[PDB]
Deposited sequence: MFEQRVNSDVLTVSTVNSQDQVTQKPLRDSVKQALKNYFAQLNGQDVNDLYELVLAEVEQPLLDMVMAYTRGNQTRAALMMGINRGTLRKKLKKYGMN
């Protein structure tokens, strides 16, 4: 509905199609990593690095936000 570029899921679908053609046991994490890092980047940019505002926007507590940032080496 709100995530378009048309909807995002179509870009994900096409990316997976190209990937499979180029062929694994970490596909979920592989995709999550490619989706979470940019999400964290954008939300942090939007709140100017304010973790509380970012967490609240995403609907997750600050602790989980910081865990994700750390996981991707963004701390």
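Which residue ranges of the deposited sequence are not present in the modelled coordinates? In the chain as deposited, 1-8, 14-24, 43-46 carry no coordinates.
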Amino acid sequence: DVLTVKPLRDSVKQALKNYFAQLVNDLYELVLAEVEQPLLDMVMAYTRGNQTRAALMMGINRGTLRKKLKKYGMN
From here on, numbers count along this sequence of modelled residues.
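Hey, which bit's got the bigger mean C-alpha B factor in the entry, 11-19 or 50-58? That would be 11-19.
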